[PDB]
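Single-structure report; data block below.
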């Protein structure tokens, strides 16, 4: 949904979106914009039991995009820093190779993020939330408890599957006026 | 002014804007957007007496951008056609060479517009109106009587002088919410 | 076909249109000798290893440039219209972005085609479905500090090849709808290199040339960097021959009498 | 200076650092003979007349590409990092968009500078203020019909040059803060061509090379495409000489005894 204003979350149902993320690769091209200091833009991750939940993420911690792919055995906390808290559009691309990927911001440079723990290929079930989640505090992550704002845009996942953010969803709110 | 809604006009005062248009060259890079069938985006032209008024123009007649530079002796009616009446952004560039120039639209192609009558170098006094004019029917042109809408953008005139559309004006209205 | 193919080498000029119904490409299964870039094909392999560098430092500095190739398709329509002019003897010039890794379609392959005073451009992306079909790389440390305000990164490392790695192809002639065109072409290749997020042997891309060899002068009974070299079939008395013509690409048309 | 300059040609290697306080460029006012592109400088003038074509068909098809050159300054930072590799003997590689017609500043001129295993990039646009400092053009009819959905124009006409119009420069050596560096360089030029809205001799741009000639072997008492050719000063008995070394760029260091 373009033009988030509040805690507007968004889930996904299509079994094609549910599959390109799970594997030995991942891509994102979120062309977001924000005026906050935290938030969540993608939270595909199965029912979080004891911390290992094979979760992927793309946060905006205090002006620091943090690609947080996990495999259970080893966390990853890639990071960039700038003026992302306030301003205008920004082009992300969170490539993965099963154990290694970038967090390439617009022009800052490819801050590579080598961070496996032992293994690869464990991306598992769950819906693909974009822009938030109906309730996120109770979830085991407990890092993106607020900041769920922005005005999101083009989201071509896996470098092929161009996705529309309202045409393939089942939930959400407030398409316009941000 | 970004985000015109009505008959919002806009004049200019700076003697640098008043001079780059007048000469043996002209450039524009208006990145406009509209949902109309007529309008006016630039009307630098001295007090229109008997039709010859050394007027320049950039209209949007029924989805046809019409660079209408004049020298008095010979009119010019360059034209492109497409879906400009409704939709999204569009990149113009109305180069001139004293007697010859394009109306180059985004990718359509350089529809050249050779159309002098005898002479060159007569661009003369008057303020530089963008987006309209307080009253345009009484003016001798009498072609852009309506359609003064849109949400205008980047306006780097003469390929050097980047211009802000509210920071250098004296009139207008309604900066936001289009 | 080979019945006409061979009798197209030896003095076959266009003799009654040497057409045999076709679907294949007759190569040259002989002493093509793989010469090693005759100094005549030295401009070509130059202009074809630069257009594999301009695309080598542009996908290794801003990796988001690998996810918007269908919106930047005005900048790649100026390369393949340049490779198509790196020589006065050219037929085609073709760029093929490889399919996205672990995917099917070819993702935007173009083609220019010299036709005299013309160059026709087409998109053969809907035909070469599923791509119908590491190197000698020396690092060149990109360094940026020049009081540049456009980028914001001090140092990063790329990979660059040179103009003595262009690959060759045994001379052939293809068939057009089945009716062999007589040209005796040859293809020169190249290879991009993006960045795999550890290394840089990821080969996404290829740019190719097609050159006409029906104007070069083959030399059977001399020694040089030509294609068929020292191939003279002299039933030698004492081995005194004479290559006597300004022949095109015709094998074995010397005169071995030279008493 | 010329006192050291000359005695830098003749066996001047770096003899006590042949520095004379400087502000100029000592050319070679002799039989440089303007050879005409020795076949060694044939890769260079190839890779330098392609990067004047890639920019020749990109400013002649979409003229709005001449009004957003400061936002597209990621695509022109990959050219001058390619021209800087069209040869294994390179010093600089420099691009200078001409000033806007009837204007002052230079509008975005870059520079790459080989320093071994490195290439440094800088913006010399704030120094070459006011540009401190038509051809043999054959039309190539752009034709587009290939079921392409990216452009929407059938036919238009461009202008294209080739790789035998790269210009030369008499060999020189410049001075760095006033202390002449011993290199004996040479510069190769080129030229873009946008579209004037009638014609196409508008020359906006230039791309240049700097090559090191302190490794070539000059040949005074022979005949070839070298720089100083047949310049031997034999006080001839019957004119029997011998060029005897693998010398660098040193004028007049043969041995004319050869009794």
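The numbering of chain D matches Swiss-Prot: 55-187, 195-320, in order.
Technique stated in the header: electron microscopy, 3.6 Å.
In case you wondered, yes, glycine gets a Cβ from its N, Cα and C as well.
The N-linked glycosylation site annotation in Swiss-Prot covers D:75, D:298, and the record cites sequence analysis as its basis. Annotated disulfide bond per Swiss-Prot: D:76-D:236, in sequence order, evidence recorded as similarity to another entry.
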Collapsed DSSP category at residue D:236 (disulfide bond): strand
Alpha-carbon distance [residue D:75 (N-linked glycosylation site); residue D:236 (disulfide bond)] in Å: 8
For residue D:75 (N-linked glycosylation site): DSSP state (helix, strand, coil): strand
Cα-to-Cα distance of termini bounding the 7-residue gap, residue D:187 and residue D:195, in Å: 19
Rounded Cα separation (Å) that holds between residue D:75 (N-linked glycosylation site) and residue D:298 (N-linked glycosylation site): 43
Neighbourhood of residue D:298 (N-linked glycosylation site) by C-beta distance under 8 A, where only residues 6 or more apart in the same chain count: D:320
Cβ packing number for residue D:236 (disulfide bond), 10 Å threshold: 17
Residue among recorded positions D:75, D:76 with least C-beta crowding, 10 angstrom cut-off: D:75
